[PDB]
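What follows is one structure encoded as structure tokens, with my remarks underneath.
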2 protein chains.
Amino acid sequence: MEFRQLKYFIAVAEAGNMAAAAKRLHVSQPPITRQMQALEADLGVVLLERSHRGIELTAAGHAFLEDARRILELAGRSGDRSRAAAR
Amino acid sequence: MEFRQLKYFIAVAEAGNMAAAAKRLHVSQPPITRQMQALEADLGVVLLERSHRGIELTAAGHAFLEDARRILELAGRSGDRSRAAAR
DNA sequence: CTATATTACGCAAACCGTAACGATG
DNA sequence: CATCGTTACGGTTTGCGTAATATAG
């Protein structure tokens with residue numbers, strides 16, 4: 001897993017199609033499709049139903065999505081805590 | 001912040017010095033020092049006091065160590081779930 | 001002279017963006 | 001056949017490991 005994959009996958013879930021997701025992240029489309037492939041590979045599971053319209057989430061997608069949000073939340077807060085702890 | 005920095009940090013924290021963590025992660029020592037620099041910069045905090053005898057954690061680092069462990073654990077379990085939900 | 005950390009340098013692998021191709025409602 | 005997803009390719013960057021540098025016992 002990479003932090004980058006989590007952010008990208010969250011955006012794709014919220015967008016409903018990979019092009020829109022890319023525009024929201026300020027990258028080109030191909031990094032989106034490739035990073036999703038690496039994620040699905042790394043997890044051993046299909047997160048996304050592809051069509052020419054866009055994407056739907058699988059059961060394993062809806063599961064993962066919830067946890068991706070929480071890993072990002074926790075990473076963010078872990079930083080604020082450490083910085084606070086300095087003082 | 002990257003997952004690899006979290007693993008490396010935990011290993012450095014447990015080991016008491018960078019050389020022994022390096023061996024336990026099966027990499028040379030310079031990635032360890034460099035990835036601790038990258039991590040410290042990205043958080044904007046100092047986690048470790050370096051001496052010639054090894055390392056000791058700051059307040060900031062004791063905090064971050066616990067959350068490091070939470071994040072990785074949560075990342076592990078989130079895999080397991082997503083695979084389980086694909087049954 | 002050992003043990004630790006850091007820095008320098010060279011080469012390989014990863015990663016992005018443009019461009020081409022493919023597939024489908 | 002218009003629109004989105006994927007794959008190819010070239011060029012930049014990141015990132016390793018070996019070797020060198022610096023400090024301390």
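Protein chains get the first letters and strands the later ones, always in sequence-line order, with residue 1 at the start of each. Any value given below was found using the heavy atoms of this structure, including those in side chains, with hydrogens, waters and symmetry copies removed.
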Take the protein atom CZ of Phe3(B) and the nucleotide atom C1' of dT14(D), then report the distance between them rounded to whole Å. 19 Å
Of all the choices, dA2(D), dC16(D), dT4(C), which nucleotide is nearest to the side chain of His52(A) once you look at every atom? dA2(D)
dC21(C): pucker by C1'-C2'-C3'-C4' torsion sign, positive meaning north and negative south, is south
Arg4(B) has a side chain; which of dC16(D), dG25(D), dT6(C) sits nearest to it? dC16(D)
Between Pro31(A) and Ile32(B), which residue's closest nucleotide on DNA chain C lies nearer the 5′ terminus? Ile32(B)
Choose from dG17(D), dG17(C), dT6(C) the nucleotide whose nearest atom is closest to any side-chain atom of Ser28(B). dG17(D)
As a test of reading the structure: which of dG5(D), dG25(C), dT7(D) is closest to the side chain of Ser51(A), going by heavy atoms? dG25(C)
Taking the minimum atom-to-atom distance to the side chain of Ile55(A), which one of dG5(D), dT18(C), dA5(C) wins? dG5(D)
Within this structure, what is the NZ-to-P distance between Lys23(A) and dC16(C), rounded to whole angstrom? 18 Å
Short side-chain N/O contact from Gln29(A) to OP1 or OP2 of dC16(C), under 4.0 Å: no
Of the nucleotides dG17(C), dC16(C), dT7(C), which one has an atom closest to the side chain of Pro30(B)? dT7(C)
Relative to each other, are the rings of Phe3(B) and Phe3(A) parallel, tilted or perpendicular (30° and 60° limits)? parallel
Donor-acceptor pair, side chain of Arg77(B) and main chain of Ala75(B), under 3.5 angstrom: no
Can you tell me if the sugar in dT7(C) is north or south, using the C1'-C2'-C3'-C4' torsion? south
Counting N and O atoms only, with roles assigned by atom type, does the side chain of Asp42(B) sit under 3.5 Å from a partner on the main chain of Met1(B), one being a donor and the other an acceptor? yes
Under a 3.5 Å distance rule, please check whether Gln35(B) uses its side chain to pair with a backbone N or O of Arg4(B) as donor and acceptor. no
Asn17(A) CG to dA2(D) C1': how many Å, rounded? 14 Å
Does any part of the side chain of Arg24(B), heavy atoms only, come nearer than 4.5 Å to the side chain of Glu14(B), both counted from C-beta? yes
For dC4(D), does OP1 or OP2 lie under 4.0 Å from any side-chain N or O of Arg50(A)? no
Just the rounded figure in Å: distance from P of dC15(C) to CD of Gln5(A). 8 Å
Spacing of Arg53(A) atom CZ relative to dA23(C) atom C1', expressed in whole Å: 14 Å
Name the residue closer to the 5' end of DNA chain D, choosing between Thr33(A) and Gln35(B) according to the nucleotide with the nearest heavy atom. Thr33(A)
